[PDB]
Every structure is written in C-alpha cells, then in structure tokens.
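**Q** Here you go, this is entry_35.pdb (PDB, C-alpha atoms and all ligand atoms).
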```
ATOM      1  CA  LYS P 257     -64.792-157.907-157.212
ATOM      2  CA  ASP P 258     -66.933-160.946-156.334
ATOM      3  CA  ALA P 259     -69.497-162.431-153.925
ATOM      4  CA  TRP P 260     -66.781-163.089-151.340
ATOM      5  CA  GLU P 261     -65.781-159.441-150.852
ATOM      6  CA  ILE P 262     -66.558-157.883-147.456
ATOM      7  CA  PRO P 263     -66.297-154.402-145.845
ATOM      8  CA  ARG P 264     -63.411-153.848-143.398
ATOM      9  CA  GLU P 265     -65.940-152.436-140.908
ATOM     10  CA  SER P 266     -67.377-155.903-140.393
ATOM     11  CA  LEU P 267     -64.049-157.088-138.948
ATOM     12  CA  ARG P 268     -62.510-156.341-135.542
ATOM     13  CA  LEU P 269     -58.917-157.520-135.097
ATOM     14  CA  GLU P 270     -59.250-158.292-131.356
ATOM     15  CA  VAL P 271     -56.061-160.339-130.751
ATOM     16  CA  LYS P 272     -52.832-160.825-132.735
ATOM     17  CA  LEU P 273     -52.398-164.605-132.992
ATOM     18  CA  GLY P 274     -49.121-164.672-134.940
ATOM     19  CA  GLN P 275     -46.651-162.818-137.169
ATOM     20  CA  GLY P 276     -45.475-163.318-140.741
ATOM     21  CA  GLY P 279     -48.460-160.415-143.157
ATOM     22  CA  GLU P 280     -49.949-161.720-139.902
ATOM     23  CA  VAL P 281     -52.837-163.568-138.235
ATOM     24  CA  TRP P 282     -55.446-162.096-135.857
ATOM     25  CA  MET P 283     -58.567-163.228-134.033
ATOM     26  CA  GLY P 284     -61.131-160.832-135.472
ATOM     27  CA  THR P 285     -64.926-160.987-135.419
ATOM     28  CA  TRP P 286     -67.021-160.739-138.587
ATOM     29  CA  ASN P 287     -70.168-158.613-138.381
ATOM     30  CA  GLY P 288     -69.469-158.125-134.684
ATOM     31  CA  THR P 289     -71.154-161.446-133.883
ATOM     32  CA  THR P 290     -69.052-164.138-135.543
ATOM     33  CA  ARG P 291     -65.688-165.248-134.171
ATOM     34  CA  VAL P 292     -63.227-165.605-137.029
ATOM     35  CA  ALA P 293     -59.545-165.577-137.939
ATOM     36  CA  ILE P 294     -58.077-162.676-139.903
ATOM     37  CA  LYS P 295     -54.921-163.085-141.991
ATOM     38  CA  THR P 296     -53.501-159.765-143.177
ATOM     39  CA  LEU P 297     -50.722-158.793-145.605
ATOM     40  CA  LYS P 298     -47.927-156.270-145.061
ATOM     41  CA  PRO P 299     -47.095-154.774-148.491
ATOM     42  CA  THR P 301     -44.639-158.302-149.353
ATOM     43  CA  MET P 302     -46.007-160.155-152.394
ATOM     44  CA  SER P 303     -48.373-158.977-155.121
ATOM     45  CA  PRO P 304     -52.008-158.617-154.030
ATOM     46  CA  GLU P 305     -53.139-160.973-156.798
ATOM     47  CA  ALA P 306     -50.450-163.376-155.591
ATOM     48  CA  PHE P 307     -51.603-163.234-151.962
ATOM     49  CA  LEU P 308     -55.188-163.719-153.148
ATOM     50  CA  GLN P 309     -54.272-166.985-154.873
ATOM     51  CA  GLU P 310     -54.702-168.570-151.453
ATOM     52  CA  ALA P 311     -58.287-167.306-151.402
ATOM     53  CA  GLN P 312     -59.123-168.284-154.976
ATOM     54  CA  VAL P 313     -58.374-171.922-154.132
ATOM     55  CA  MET P 314     -60.410-171.876-150.906
ATOM     56  CA  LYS P 315     -63.524-171.008-152.936
ATOM     57  CA  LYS P 316     -63.373-174.263-154.892
ATOM     58  CA  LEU P 317     -62.692-176.548-151.917
ATOM     59  CA  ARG P 318     -65.420-177.023-149.286
ATOM     60  CA  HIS P 319     -64.995-179.935-146.873
ATOM     61  CA  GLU P 320     -65.397-180.590-143.126
ATOM     62  CA  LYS P 321     -61.671-181.253-142.536
ATOM     63  CA  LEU P 322     -60.601-178.181-144.469
ATOM     64  CA  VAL P 323     -60.447-174.687-142.985
ATOM     65  CA  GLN P 324     -63.306-172.774-144.614
ATOM     66  CA  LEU P 325     -63.034-169.403-146.314
ATOM     67  CA  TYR P 326     -65.661-166.886-145.204
ATOM     68  CA  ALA P 327     -64.826-163.611-147.002
ATOM     69  CA  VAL P 328     -62.050-161.394-148.407
ATOM     70  CA  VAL P 329     -60.933-157.744-148.400
ATOM     71  CA  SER P 330     -59.094-156.834-151.616
ATOM     72  CA  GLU P 331     -58.286-153.379-150.256
ATOM     73  CA  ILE P 334     -55.586-157.308-147.820
ATOM     74  CA  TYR P 335     -57.668-159.566-145.549
ATOM     75  CA  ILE P 336     -58.622-163.259-145.740
ATOM     76  CA  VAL P 337     -61.367-164.331-143.330
ATOM     77  CA  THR P 338     -61.938-167.981-142.435
ATOM     78  CA  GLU P 339     -63.458-170.039-139.633
ATOM     79  CA  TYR P 340     -61.636-169.821-136.278
ATOM     80  CA  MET P 341     -59.802-172.890-134.879
ATOM     81  CA  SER P 342     -59.681-172.290-131.132
ATOM     82  CA  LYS P 343     -56.557-174.401-130.495
ATOM     83  CA  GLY P 344     -53.950-173.125-132.961
ATOM     84  CA  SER P 345     -51.862-175.487-135.109
ATOM     85  CA  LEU P 346     -51.204-179.203-134.498
ATOM     86  CA  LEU P 347     -47.593-178.357-133.700
ATOM     87  CA  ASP P 348     -48.367-175.875-130.923
ATOM     88  CA  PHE P 349     -51.042-178.258-129.651
ATOM     89  CA  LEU P 350     -48.735-181.324-129.528
ATOM     90  CA  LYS P 351     -46.011-179.148-127.986
ATOM     91  CA  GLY P 352     -48.333-177.471-125.521
ATOM     92  CA  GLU P 353     -49.222-179.029-122.182
ATOM     93  CA  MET P 354     -51.893-180.962-124.046
ATOM     94  CA  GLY P 355     -49.346-183.135-125.792
ATOM     95  CA  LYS P 356     -48.620-185.146-122.642
ATOM     96  CA  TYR P 357     -52.242-186.162-122.280
ATOM     97  CA  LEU P 358     -52.617-187.337-125.874
ATOM     98  CA  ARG P 359     -52.289-191.062-126.473
ATOM     99  CA  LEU P 360     -52.352-193.191-129.603
ATOM    100  CA  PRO P 361     -56.173-193.252-129.933
ATOM    101  CA  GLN P 362     -56.439-189.438-129.830
ATOM    102  CA  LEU P 363     -53.530-189.205-132.244
ATOM    103  CA  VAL P 364     -54.849-191.741-134.769
ATOM    104  CA  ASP P 365     -58.184-189.949-134.661
ATOM    105  CA  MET P 366     -56.492-186.714-135.798
ATOM    106  CA  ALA P 367     -54.343-188.523-138.364
ATOM    107  CA  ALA P 368     -57.494-189.993-139.881
ATOM    108  CA  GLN P 369     -59.336-186.652-140.012
ATOM    109  CA  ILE P 370     -56.383-185.088-141.758
ATOM    110  CA  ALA P 371     -56.340-188.022-144.157
ATOM    111  CA  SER P 372     -60.004-187.329-144.871
ATOM    112  CA  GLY P 373     -59.679-183.699-145.898
ATOM    113  CA  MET P 374     -56.820-184.904-148.101
ATOM    114  CA  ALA P 375     -59.031-187.648-149.487
ATOM    115  CA  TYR P 376     -61.330-184.807-150.553
ATOM    116  CA  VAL P 377     -58.320-182.998-152.025
ATOM    117  CA  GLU P 378     -57.307-186.218-153.746
ATOM    118  CA  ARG P 379     -60.752-186.620-155.334
ATOM    119  CA  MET P 380     -60.723-182.926-156.301
ATOM    120  CA  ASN P 381     -57.508-183.555-158.254
ATOM    121  CA  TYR P 382     -55.650-180.842-156.325
ATOM    122  CA  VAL P 383     -52.344-180.980-154.415
ATOM    123  CA  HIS P 384     -51.572-179.125-151.148
ATOM    124  CA  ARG P 385     -47.761-179.220-151.515
ATOM    125  CA  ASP P 386     -47.092-178.317-147.878
ATOM    126  CA  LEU P 387     -48.952-180.879-145.793
ATOM    127  CA  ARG P 388     -47.304-180.828-142.362
ATOM    128  CA  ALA P 389     -48.210-180.438-138.700
ATOM    129  CA  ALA P 390     -47.644-176.665-138.880
ATOM    130  CA  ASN P 391     -50.400-176.303-141.491
ATOM    131  CA  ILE P 392     -53.022-178.383-139.709
ATOM    132  CA  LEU P 393     -55.268-176.391-137.344
ATOM    133  CA  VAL P 394     -57.037-177.733-134.283
ATOM    134  CA  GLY P 395     -60.338-176.694-132.782
ATOM    135  CA  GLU P 396     -62.537-178.011-129.981
ATOM    136  CA  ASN P 397     -62.824-181.744-129.246
ATOM    137  CA  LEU P 398     -59.640-182.773-131.122
ATOM    138  CA  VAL P 399     -61.015-181.393-134.384
ATOM    139  CA  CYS P 400     -58.418-180.961-137.091
ATOM    140  CA  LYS P 401     -58.505-179.242-140.467
ATOM    141  CA  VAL P 402     -56.043-178.787-143.303
ATOM    142  CA  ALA P 403     -54.963-175.164-143.767
ATOM    143  CA  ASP P 404     -52.112-172.936-144.974
ATOM    144  CA  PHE P 405     -50.180-169.700-144.260
ATOM    145  CA  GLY P 406     -47.149-168.773-146.355
ATOM    146  CA  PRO P 425     -39.528-177.839-145.913
ATOM    147  CA  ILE P 426     -37.402-180.557-147.476
ATOM    148  CA  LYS P 427     -37.580-182.642-144.298
ATOM    149  CA  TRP P 428     -41.283-182.932-145.210
ATOM    150  CA  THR P 429     -41.072-183.026-149.022
ATOM    151  CA  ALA P 430     -41.010-186.139-151.220
ATOM    152  CA  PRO P 431     -37.779-186.859-153.216
ATOM    153  CA  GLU P 432     -39.303-186.398-156.670
ATOM    154  CA  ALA P 433     -40.900-183.103-155.515
ATOM    155  CA  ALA P 434     -37.870-181.374-154.039
ATOM    156  CA  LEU P 435     -35.538-182.766-156.701
ATOM    157  CA  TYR P 436     -37.521-182.331-159.938
ATOM    158  CA  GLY P 437     -40.579-180.278-158.978
ATOM    159  CA  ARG P 438     -42.754-183.352-159.518
ATOM    160  CA  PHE P 439     -45.502-182.419-157.062
ATOM    161  CA  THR P 440     -48.537-184.696-157.033
ATOM    162  CA  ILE P 441     -51.019-185.886-154.461
ATOM    163  CA  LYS P 442     -48.651-188.863-154.083
ATOM    164  CA  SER P 443     -45.997-186.403-152.929
ATOM    165  CA  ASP P 444     -48.477-185.252-150.297
ATOM    166  CA  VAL P 445     -48.844-188.886-149.251
ATOM    167  CA  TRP P 446     -45.127-188.672-148.521
ATOM    168  CA  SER P 447     -45.714-185.608-146.311
ATOM    169  CA  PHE P 448     -48.562-187.320-144.454
ATOM    170  CA  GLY P 449     -46.148-190.107-143.614
ATOM    171  CA  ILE P 450     -43.864-187.491-142.004
ATOM    172  CA  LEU P 451     -46.964-186.098-140.220
ATOM    173  CA  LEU P 452     -47.457-189.438-138.477
ATOM    174  CA  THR P 453     -43.924-189.239-137.054
ATOM    175  CA  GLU P 454     -44.915-185.779-135.778
ATOM    176  CA  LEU P 455     -48.102-187.061-134.203
ATOM    177  CA  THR P 456     -46.308-190.104-132.795
ATOM    178  CA  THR P 457     -43.421-188.017-131.403
ATOM    179  CA  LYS P 458     -45.873-185.322-130.434
ATOM    180  CA  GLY P 459     -44.252-182.414-132.237
ATOM    181  CA  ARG P 460     -40.564-183.236-132.632
ATOM    182  CA  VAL P 461     -38.824-182.266-135.873
ATOM    183  CA  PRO P 462     -38.470-185.202-138.293
ATOM    184  CA  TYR P 463     -34.969-186.606-138.918
ATOM    185  CA  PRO P 464     -33.550-185.440-135.565
ATOM    186  CA  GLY P 465     -29.911-184.339-135.534
ATOM    187  CA  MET P 466     -29.820-184.143-139.322
ATOM    188  CA  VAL P 467     -29.433-181.095-141.544
ATOM    189  CA  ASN P 468     -31.338-180.520-144.797
ATOM    190  CA  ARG P 469     -28.731-181.490-147.392
ATOM    191  CA  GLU P 470     -27.963-184.486-145.155
ATOM    192  CA  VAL P 471     -31.596-185.574-145.147
ATOM    193  CA  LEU P 472     -31.639-185.623-148.970
ATOM    194  CA  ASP P 473     -28.328-187.408-149.520
ATOM    195  CA  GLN P 474     -29.590-189.961-146.969
ATOM    196  CA  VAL P 475     -33.192-190.629-148.044
ATOM    197  CA  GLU P 476     -31.985-191.228-151.622
ATOM    198  CA  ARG P 477     -29.680-193.929-150.257
ATOM    199  CA  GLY P 478     -32.716-195.777-148.897
ATOM    200  CA  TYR P 479     -32.739-194.340-145.365
ATOM    201  CA  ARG P 480     -36.150-193.882-143.751
ATOM    202  CA  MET P 481     -36.996-192.791-140.221
ATOM    203  CA  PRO P 482     -37.093-195.582-137.616
ATOM    204  CA  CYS P 483     -40.187-196.540-135.627
ATOM    205  CA  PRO P 484     -40.861-193.920-132.908
ATOM    206  CA  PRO P 485     -40.767-194.853-129.209
ATOM    207  CA  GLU P 486     -43.811-196.846-128.096
ATOM    208  CA  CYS P 487     -45.207-196.626-131.621
ATOM    209  CA  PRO P 488     -46.827-199.855-132.942
ATOM    210  CA  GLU P 489     -44.709-201.278-135.752
ATOM    211  CA  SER P 490     -47.960-201.526-137.758
ATOM    212  CA  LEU P 491     -48.205-197.741-137.715
ATOM    213  CA  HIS P 492     -44.590-197.410-138.819
ATOM    214  CA  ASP P 493     -45.402-199.867-141.597
ATOM    215  CA  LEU P 494     -47.889-197.314-142.942
ATOM    216  CA  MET P 495     -45.310-194.562-142.708
ATOM    217  CA  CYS P 496     -43.013-196.711-144.819
ATOM    218  CA  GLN P 497     -45.781-197.019-147.442
ATOM    219  CA  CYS P 498     -46.174-193.225-147.515
ATOM    220  CA  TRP P 499     -42.404-193.054-148.124
ATOM    221  CA  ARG P 500     -42.100-195.589-150.931
ATOM    222  CA  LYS P 501     -39.571-194.537-153.575
ATOM    223  CA  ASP P 502     -41.982-195.162-156.500
ATOM    224  CA  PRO P 503     -44.769-192.515-156.200
ATOM    225  CA  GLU P 504     -47.515-194.675-157.711
ATOM    226  CA  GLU P 505     -46.792-197.211-154.942
ATOM    227  CA  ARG P 506     -47.883-194.994-152.027
ATOM    228  CA  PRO P 507     -51.529-195.270-150.892
ATOM    229  CA  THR P 508     -54.392-192.947-151.739
ATOM    230  CA  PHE P 509     -55.715-190.940-148.792
ATOM    231  CA  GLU P 510     -58.858-193.018-149.242
ATOM    232  CA  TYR P 511     -56.896-196.045-148.030
ATOM    233  CA  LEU P 512     -55.105-194.045-145.366
ATOM    234  CA  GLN P 513     -58.312-192.614-143.898
ATOM    235  CA  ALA P 514     -60.037-195.966-143.681
ATOM    236  CA  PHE P 515     -56.830-197.510-142.371
ATOM    237  CA  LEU P 516     -56.681-195.071-139.474
ATOM    238  CA  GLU P 517     -60.423-195.391-138.919
ATOM    239  CA  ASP P 518     -60.276-199.170-138.344
ATOM    240  CA  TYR P 519     -56.854-199.164-136.671
ATOM    241  CA  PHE P 520     -57.807-200.455-133.208
ATOM    242  CA  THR P 521     -60.204-203.104-134.521
ATOM    243  CA  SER P 522     -58.615-204.381-137.731
ATOM    244  CA  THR P 523     -54.953-203.831-136.930
ATOM    245  CA  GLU P 524     -54.191-203.369-133.227
ATOM    246  CA  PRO P 525     -57.154-204.885-131.380
ATOM    247  CA  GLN P 526     -54.934-205.767-128.411
ATOM    248  CA  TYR P 527     -53.449-202.266-128.053
ATOM    249  CA  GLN P 528     -52.842-201.069-124.505
ATOM    250  CA  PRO P 529     -52.107-197.566-123.164
ATOM    251  CA  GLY P 530     -48.473-196.782-122.472
ATOM    252  CA  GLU P 531     -46.314-194.203-120.734
ATOM    253  CA  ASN P 532     -46.929-191.555-123.429
ATOM    254  CA  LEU P 533     -48.559-193.495-126.273
TER     255      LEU P 533
HETATM  256  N1  LIG Q 601     -58.562-170.266-138.282
HETATM  257  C1  LIG Q 601     -57.497-170.029-137.522
HETATM  258  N2  LIG Q 601     -57.633-169.773-136.211
HETATM  259  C2  LIG Q 601     -56.573-169.551-135.453
HETATM  260  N3  LIG Q 601     -55.342-169.567-135.939
HETATM  261  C3  LIG Q 601     -55.138-169.816-137.240
HETATM  262  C4  LIG Q 601     -56.223-170.057-138.069
HETATM  263  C5  LIG Q 601     -55.685-170.294-139.329
HETATM  264  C6  LIG Q 601     -56.449-170.670-140.600
HETATM  265  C7  LIG Q 601     -56.021-169.785-141.773
HETATM  266  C8  LIG Q 601     -55.786-168.435-141.545
HETATM  267  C9  LIG Q 601     -55.395-167.610-142.592
HETATM  268  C10 LIG Q 601     -55.238-168.146-143.865
HETATM  269  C11 LIG Q 601     -55.470-169.496-144.097
HETATM  270  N4  LIG Q 601     -55.309-169.920-145.350
HETATM  271  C12 LIG Q 601     -55.508-171.142-145.837
HETATM  272  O1  LIG Q 601     -55.907-172.082-145.155
HETATM  273  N5  LIG Q 601     -55.225-171.237-147.134
HETATM  274  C13 LIG Q 601     -55.334-172.302-147.927
HETATM  275  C14 LIG Q 601     -54.937-172.145-149.248
HETATM  276  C15 LIG Q 601     -55.111-173.168-150.171
HETATM  277  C16 LIG Q 601     -55.695-174.362-149.763
HETATM  278  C17 LIG Q 601     -56.098-174.521-148.444
HETATM  279  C18 LIG Q 601     -56.809-175.820-148.058
HETATM  280  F1  LIG Q 601     -58.065-175.769-148.484
HETATM  281  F2  LIG Q 601     -56.190-176.847-148.628
HETATM  282  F3  LIG Q 601     -56.803-175.977-146.740
HETATM  283  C19 LIG Q 601     -55.914-173.498-147.520
HETATM  284  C20 LIG Q 601     -55.867-170.318-143.049
HETATM  285  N6  LIG Q 601     -54.364-170.182-139.191
HETATM  286  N7  LIG Q 601     -54.067-169.921-138.024
HETATM  287  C21 LIG Q 601     -52.686-169.757-137.549
HETATM  288  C22 LIG Q 601     -52.108-171.067-137.002
HETATM  289  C23 LIG Q 601     -51.416-170.667-135.696
HETATM  290  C24 LIG Q 601     -51.189-169.164-135.873
HETATM  291  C25 LIG Q 601     -52.574-168.772-136.384
END
```
For the structure just supplied, provide its representation as structure tokens.
**A**
Amino acid sequence: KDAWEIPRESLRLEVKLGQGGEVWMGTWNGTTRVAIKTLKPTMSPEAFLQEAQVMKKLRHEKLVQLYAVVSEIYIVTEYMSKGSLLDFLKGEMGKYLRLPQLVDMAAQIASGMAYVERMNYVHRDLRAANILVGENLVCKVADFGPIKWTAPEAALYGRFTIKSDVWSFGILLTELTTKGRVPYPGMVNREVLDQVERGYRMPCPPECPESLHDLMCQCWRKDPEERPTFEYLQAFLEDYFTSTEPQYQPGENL
C-alpha cells in the first residue's frame, strides 16, 4: 500500500520473545537484527495497523522506530536488546542499578515524551511495561496492546491529554525507584480510585530522596494544567545531581 510495505521473505522470525498476536526477534533482509510483532486473527487489520500509522509520523531518538510493515500482519521496528524496563528492573540487573542510573533512564523517557508533547500527541499508556531498554541503559518509549497508572480525569471521564501522561510518568518514577514493584501495593483497582480522589498519593519510596518524591507529587496534581511539561521534567532529571541533590551518596539499593 505504501513506502513502508515489505516482503515477508525479508524477515526471519528467529526467536519468540513474547506472547499476546506476539513478538519475535526476526532479521530484516537477513542482515539487520529487528523485532517482529505479529497478529493472530484478533482485531481488524486496519485496527492493528493504527499502531504503525502513528509510528510513521513520530521519529525521535527515545522512541522505538518503525522500520517496515507487512499488510498480508507484521510490524517491524528496531530491536531493543534488553526487553522492557519492567523485566530489566526485575531481572538480576535491578540490584545493580542505583539512583544515577535510574534518573538517567527517567530523563530519557521524559525526553521522548517531550517530543510527543511538542508533536501534540498523547501516548495514553506510559508505564514501565511499555518502555524498552537496549544497550548502555538506553530507553525508548514503545507500545504493544491500567488504572493504577492512569490519571483521574482520564479513567473517569476519558479526558486523555499529555498532562494525563505526566500523571503516568509520575507513577513510572515509583517503578524506577522501587525497581519494578507494582504501584499502590496491597491495593485493588476500585480501591486505588476511591482513594486517590480522596487526596491519597503514594508515599516516598525507601531510600528515595524526598526531592524526587516532590516531583512525583507534581506529576500527580489534581488540576491537570498544574502538572509539568515533559520539557521541565527532562531538564529536571538532567540536572538532578547538580541542581537538586549535589550531596547525594550511594545507598544500600539506591
Ligand atoms: N524492539 C523490541 N525488541 C525486543 N522486544 C520488544 C521490542 C518491542 C518494540 C515494539 C515491538 C512491536 C510493536 C511496537 N509498537 C509500538 O511501539 N507502537 C507504538 C504505537 C504508537 C506510538 C508509539 C510511540 F512512538 F509512542 F512509541 C509506539 C513496539 N517490544 N518488545 C517487547 C517488550 C518485551 C517483549 C518484547
């Protein structure tokens, strides 16, 4: 149909990375390592391809790049050698990560979202599970397919904006700071909602600088137009150890 189309004989689904459709570790044109997401006919093809249409209008360093499609369905993109942020934080790598390596990822994620912000788009499902990791702590926003991650106005009235994503980023920090634990521990969905409305907000994680929890609390402000742009968030996490915590010192796990 368009310049992105590719012949299925270019691909080679070498390893099955996950389930679903599903995700494989193919190889485009037998020389390029890539990731292949397939579809098991359950949604419409034109519905499944909506994910590809969007990836053609967004090209940034902290965003997983689209390479080519197969409308007869395959979606080819760059390959992130270390799976999602979740698996990574929960793997045996998560014990070696400290605040600096975690703020560095938080900031990169904020940057791809700063691009999104400028592009006037909204991700809607910004969370650790949809943030891929590659070599040298590289991170990129992604997608494949969550009230504990969704902003009040969004889940309650469908009011999804980039400010609702700012809410989700805030919840991402608790994931990076807890290294993979589910937000709002011990609480069930319709208990999270009834609670957050009442003013509740997650407490500062163990060994997490109160200045970093301060930022979370800004990403969780009740009034949407009060949360920060990703532009502020990115810069904030870029200057963290100089402007905010210049006396920081390594801890047991943070
Ligand atoms: N490159 C990869 N390499 C190894 N694993 C990968 C991927 C990927 C990237 C990938 C694979 C298949 C589809 C996508 N789709 C999208 O990123 N879609 C998307 C749709 C709209 C917007 C955006 C974005 F630009 F905002 F990121 C992204 C992304 N996902 N995964 C999964 C995560 C753990 C199980 C495997």
**Q** Neighbouring residues of ligand LIG 601 (chain Q) are defined here as those with any atom at most 8 Å from a ligand atom, counting all atoms listed in the file; list them as a PyMOL selection string.
**A** chain P and resi 273-275+281-283+292-295+309-314+317-318+322-325+336-345+348+377+384+390-393+401-405
**Q** Taking the file as I've supplied it (selection: the PyMOL selection byres (((chain P and resi 513-516) around 12) and not hetatm)), which residues are included? Please answer as a PyMOL selection string.
**A** chain P and resi 321+360-376+378+445+448+452+490-491+493-495+507-512+517-524
**Q** How would the residues just picked look written out with C-alpha atoms as a PDB file, in the frame of the given file?
**A**
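Output (again01.pdb):
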```pdb
ATOM      1  CA  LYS P 321     -61.671-181.253-142.536  1.00  0.00           C
ATOM      2  CA  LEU P 360     -52.352-193.191-129.603  1.00  0.00           C
ATOM      3  CA  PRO P 361     -56.173-193.252-129.933  1.00  0.00           C
ATOM      4  CA  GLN P 362     -56.439-189.438-129.830  1.00  0.00           C
ATOM      5  CA  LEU P 363     -53.530-189.205-132.244  1.00  0.00           C
ATOM      6  CA  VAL P 364     -54.849-191.741-134.769  1.00  0.00           C
ATOM      7  CA  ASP P 365     -58.184-189.949-134.661  1.00  0.00           C
ATOM      8  CA  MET P 366     -56.492-186.714-135.798  1.00  0.00           C
ATOM      9  CA  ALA P 367     -54.343-188.523-138.364  1.00  0.00           C
ATOM     10  CA  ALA P 368     -57.494-189.993-139.881  1.00  0.00           C
ATOM     11  CA  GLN P 369     -59.336-186.652-140.012  1.00  0.00           C
ATOM     12  CA  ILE P 370     -56.383-185.088-141.758  1.00  0.00           C
ATOM     13  CA  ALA P 371     -56.340-188.022-144.157  1.00  0.00           C
ATOM     14  CA  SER P 372     -60.004-187.329-144.871  1.00  0.00           C
ATOM     15  CA  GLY P 373     -59.679-183.699-145.898  1.00  0.00           C
ATOM     16  CA  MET P 374     -56.820-184.904-148.101  1.00  0.00           C
ATOM     17  CA  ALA P 375     -59.031-187.648-149.487  1.00  0.00           C
ATOM     18  CA  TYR P 376     -61.330-184.807-150.553  1.00  0.00           C
ATOM     19  CA  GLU P 378     -57.307-186.218-153.746  1.00  0.00           C
ATOM     20  CA  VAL P 445     -48.844-188.886-149.251  1.00  0.00           C
ATOM     21  CA  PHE P 448     -48.562-187.320-144.454  1.00  0.00           C
ATOM     22  CA  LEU P 452     -47.457-189.438-138.477  1.00  0.00           C
ATOM     23  CA  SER P 490     -47.960-201.526-137.758  1.00  0.00           C
ATOM     24  CA  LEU P 491     -48.205-197.741-137.715  1.00  0.00           C
ATOM     25  CA  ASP P 493     -45.402-199.867-141.597  1.00  0.00           C
ATOM     26  CA  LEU P 494     -47.889-197.314-142.942  1.00  0.00           C
ATOM     27  CA  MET P 495     -45.310-194.562-142.708  1.00  0.00           C
ATOM     28  CA  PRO P 507     -51.529-195.270-150.892  1.00  0.00           C
ATOM     29  CA  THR P 508     -54.392-192.947-151.739  1.00  0.00           C
ATOM     30  CA  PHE P 509     -55.715-190.940-148.792  1.00  0.00           C
ATOM     31  CA  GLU P 510     -58.858-193.018-149.242  1.00  0.00           C
ATOM     32  CA  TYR P 511     -56.896-196.045-148.030  1.00  0.00           C
ATOM     33  CA  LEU P 512     -55.105-194.045-145.366  1.00  0.00           C
ATOM     34  CA  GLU P 517     -60.423-195.391-138.919  1.00  0.00           C
ATOM     35  CA  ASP P 518     -60.276-199.170-138.344  1.00  0.00           C
ATOM     36  CA  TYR P 519     -56.854-199.164-136.671  1.00  0.00           C
ATOM     37  CA  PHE P 520     -57.807-200.455-133.208  1.00  0.00           C
ATOM     38  CA  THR P 521     -60.204-203.104-134.521  1.00  0.00           C
ATOM     39  CA  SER P 522     -58.615-204.381-137.731  1.00  0.00           C
ATOM     40  CA  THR P 523     -54.953-203.831-136.930  1.00  0.00           C
ATOM     41  CA  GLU P 524     -54.191-203.369-133.227  1.00  0.00           C
TER      42      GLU P 524
END
```
**Q** Figure out the distance between atom CA of residue P:355 and atom CA of residue P:457, please, to one decimal in Å.
**A**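 If I compute the distance from atom CA of residue P:457 to atom CA of residue P:355, I get 9.5 Å.
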**Q** Between P:276, P:379, P:267, P:291, which residue has the minimum interatomic distance to residue P:319, considering only C-alpha atoms?
**A**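 Residue with the minimum atom-to-atom distance to residue P:319: P:379.
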**Q** Report as a list in words the residues that result from applying the PyMOL selection byres (((chain P and resi 463) around 10) and not hetatm) to the structure here.
**A**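 Checking the PyMOL selection byres (((chain P and resi 463) around 10) and not hetatm) against this file, the residues are residues 427, 428, 450, 453, 460, 461, 462, 464, 465, 466, 467, 468, 470, 471, 480, 481 and 482 of chain P.
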**Q** Take the residues that were just selected and, keeping C-alpha atoms, output them as a PDB file, keeping the file's coordinate frame.
**A**
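Full text of out13.pdb as output:
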```
ATOM      1  CA  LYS P 427     -37.580-182.642-144.298  1.00  0.00           C
ATOM      2  CA  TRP P 428     -41.283-182.932-145.210  1.00  0.00           C
ATOM      3  CA  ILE P 450     -43.864-187.491-142.004  1.00  0.00           C
ATOM      4  CA  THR P 453     -43.924-189.239-137.054  1.00  0.00           C
ATOM      5  CA  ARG P 460     -40.564-183.236-132.632  1.00  0.00           C
ATOM      6  CA  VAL P 461     -38.824-182.266-135.873  1.00  0.00           C
ATOM      7  CA  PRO P 462     -38.470-185.202-138.293  1.00  0.00           C
ATOM      8  CA  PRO P 464     -33.550-185.440-135.565  1.00  0.00           C
ATOM      9  CA  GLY P 465     -29.911-184.339-135.534  1.00  0.00           C
ATOM     10  CA  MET P 466     -29.820-184.143-139.322  1.00  0.00           C
ATOM     11  CA  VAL P 467     -29.433-181.095-141.544  1.00  0.00           C
ATOM     12  CA  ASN P 468     -31.338-180.520-144.797  1.00  0.00           C
ATOM     13  CA  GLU P 470     -27.963-184.486-145.155  1.00  0.00           C
ATOM     14  CA  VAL P 471     -31.596-185.574-145.147  1.00  0.00           C
ATOM     15  CA  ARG P 480     -36.150-193.882-143.751  1.00  0.00           C
ATOM     16  CA  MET P 481     -36.996-192.791-140.221  1.00  0.00           C
ATOM     17  CA  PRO P 482     -37.093-195.582-137.616  1.00  0.00           C
TER      18      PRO P 482
END
```
**Q** One decimal, Å: what's the distance from atom CA of residue P:264 over to atom CA of residue P:305, could you say?
**A**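 Going from atom CA of residue P:264 over to atom CA of residue P:305, I get 18.3 Å.
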**Q** What do you get, as a CSV table (one decimal) with C-alpha atoms, keeping the file's coordinate frame, if you spell out every residue that the PyMOL selection byres (((chain P and resi 529) around 12) and not hetatm) selects here?
**A**
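Output file expr-v7.csv is given in full below:
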```
chain,number,residue,atom,x,y,z
P,357,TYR,CA,-52.2,-186.2,-122.3
P,358,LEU,CA,-52.6,-187.3,-125.9
P,359,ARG,CA,-52.3,-191.1,-126.5
P,360,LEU,CA,-52.4,-193.2,-129.6
P,361,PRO,CA,-56.2,-193.3,-129.9
P,362,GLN,CA,-56.4,-189.4,-129.8
P,486,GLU,CA,-43.8,-196.8,-128.1
P,487,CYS,CA,-45.2,-196.6,-131.6
P,488,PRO,CA,-46.8,-199.9,-132.9
P,520,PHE,CA,-57.8,-200.5,-133.2
P,524,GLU,CA,-54.2,-203.4,-133.2
P,526,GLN,CA,-54.9,-205.8,-128.4
P,527,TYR,CA,-53.4,-202.3,-128.1
P,528,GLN,CA,-52.8,-201.1,-124.5
P,530,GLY,CA,-48.5,-196.8,-122.5
P,531,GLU,CA,-46.3,-194.2,-120.7
P,532,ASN,CA,-46.9,-191.6,-123.4
P,533,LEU,CA,-48.6,-193.5,-126.3
```
**Q** Here is a test: counting all atoms listed in the file, which residue of P:297, P:389, P:315, P:347 is nearest to residue P:334?
**A**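 For residue P:334, the nearest of the candidates is P:297.
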**Q** Which of these residues is nearest to residue P:446, using only C-alpha atoms: P:388, P:477, P:469, P:458?
**A**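 Of all the options, P:388 lies closest to residue P:446.
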**Q** Show me, as AutoDock Vina command-line options, the centre and edge lengths in Å to one decimal of the axis-aligned box that covers every listed atom of stretch 384-387 of chain P with 6 Å on each side.
**A**
```
--center_x -49.3 --center_y -179.6 --center_z -148.7 --size_x 16.5 --size_y 14.6 --size_z 17.7
```
**Q** In Å, rounded to a single decimal, give me how far atom CA of residue P:500 is from atom CA of residue P:455.
**A**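 The value is 19.7 Å.
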